[PDB]
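These notes are about the structure you will find just below.
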Amino acid sequence: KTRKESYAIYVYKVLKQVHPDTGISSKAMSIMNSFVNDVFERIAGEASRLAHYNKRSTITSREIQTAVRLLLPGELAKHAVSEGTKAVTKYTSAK
DNA sequence: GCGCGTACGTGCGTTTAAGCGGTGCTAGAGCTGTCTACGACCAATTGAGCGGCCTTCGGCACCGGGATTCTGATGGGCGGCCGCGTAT
Numbered sequence: 028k029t030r031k032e033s034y035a036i037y038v039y040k041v042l043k044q045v046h047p048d049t050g051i052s053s054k055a056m057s058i059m060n061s062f063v064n065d066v067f068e069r070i071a072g073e074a075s076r077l078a079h080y081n082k083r084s085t086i087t088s089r090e091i092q093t094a095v096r097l098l099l100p101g102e103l104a105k106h107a108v109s110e111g112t113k114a115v116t117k118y119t120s121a122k
């Protein structure tokens, strides 16, 4: 049949996590995927840009790390890094 | 439109610090050179994800049955009708 994949499974549990027996319209659901896919290119594209400025050829986590910092304002940014840094840190701990 | 008020432009003198070209020093960019770890690629197996399809309980707002309260015809008894009516 057709494809047209989306992030619907990811957005839904997140909302469950923050009000479990709280609801949503089928119109705000796409707004959400539209919103995510939009932020996706915003961050990953910028990573691509720096990589081939100061003369290197792969994109790691550090770059995102840097990228994120100047893409967003002071207070959210730090918490965001923190969360980000740990999630992965744990990831490696396992293996 | 008009009129009041005052603040901001234009000037001079005083004053303060940029810009100039002079030297010295070393830090940090840029180059360079070897290793090897981590990502792309190709393979084969496996279940997360998408289309397709129809689920069940709880909550908003309309509802249900039974005792109880208020309105209506009924009725004997004390009074009043003054006006037609029979008896001597």
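Just so it is clear: in the first sequence, position 10 is 37 by the entry's author numbering, and no numbers are missing.
Quick reminder that beta carbons are idealized off the backbone N, C-alpha and C, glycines included.
Asked, Found
"Cα-Cα separation, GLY50 to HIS79", "44 Å"
"The ligand SAH heavy atom lying under 7 Å from the CB of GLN92", "The ligand SAH is absent from the structure shown, which contains no ligands of any kind."
"Buried versus exposed, by CB contacts within 10 Å (16 or more), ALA71", "exposed"
"Simplified DSSP state of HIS106, which is helix, strand or coil", "helix"
"The stretch 55-66 contacting the stretch 82-92, beta-carbon criterion three pairs below 8 Å", "no"
"Beta-carbon spacing of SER75, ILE86 below 8 Å", "yes"
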